[PDB]
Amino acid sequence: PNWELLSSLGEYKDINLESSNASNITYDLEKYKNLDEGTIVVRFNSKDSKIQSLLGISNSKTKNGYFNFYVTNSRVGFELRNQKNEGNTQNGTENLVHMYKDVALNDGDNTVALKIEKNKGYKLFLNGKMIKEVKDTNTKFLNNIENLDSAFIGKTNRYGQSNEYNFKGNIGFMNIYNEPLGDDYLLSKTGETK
């Protein structure tokens, strides 16, 4: 059974992205880069409609080796991609997971969670609802991307002129956990901005 109380692996607060100056958390990369499962919970308030990274963990030497937990004004999701060749090329790209849900967002604060349970599947939660489940008996996550070297709150650091999905607005908090938390907890917690 689930821990009633589990400390976060990563905890970040009050991230001002009103100028899209993304917050560099590569100092914590070691704690995430080999994760096969976990939970990410984010309270956020965007001011744009474009695809924007809540959390971007990447091999900045490639265009397409990254994890991008993102939102728009009408969608939340994540992509997980790997790339075997560095620099200015599309070569060696493996598009591993794209999971998303079209959904109504609040004008102000919203709260989203991504839960990954190793070899069970992935769940997205938003504003007190479990909005999308993808079952998967052979899951992939950060451990599957080669040569990760950057983590940011508010963008994904990619090679050259790639789209970094710069978030504009503020992120009130981000908690990352090494384990998949209970649906009950995530329904209540994301439910704070119902």
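So that there is no doubt, residue numbering starts at 1 and follows the sequence shown.
Undergrad: On mean C-alpha B-factor from the PDB entry, just flag whether 51 to 59 or 163 to 171 is the higher one.
TA: It is 163 to 171 that shows the higher mean C-alpha B-factor.
Undergrad: Averaged over C-alpha atoms, is the B-factor higher for 24 to 32 or for 66 to 74 in this PDB entry?
TA: The stretch with the larger mean CA B-factor is 24 to 32.
Undergrad: Among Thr137, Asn157, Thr39, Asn144, where is the Cα B factor highest in this entry?
TA: It is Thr137.
Undergrad: Report the third (lowest, middle or highest) to which the CA temperature factor of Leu186 belongs, ranking only the modelled residues of the same chain.
TA: CA B-factor rank for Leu186: middle third.
Undergrad: Split the chain's modelled residues into thirds by Cα B-factor; is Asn110 in the lowest, middle or highest one?
TA: Middle third of the chain for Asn110's C-alpha B-factor.
Undergrad: For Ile176, return the chain-relative third of its C-alpha B-factor as stated in the PDB record: lowest, middle or highest.
TA: It belongs to the lowest third of the chain when residues are ordered by C-alpha B-factor.
Undergrad: By its CA B factor, does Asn85 count among the lowest, middle or highest third of the modelled residues in the chain?
TA: Within its chain, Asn85 is a highest-third residue by C-alpha B-factor, going by the deposited values.
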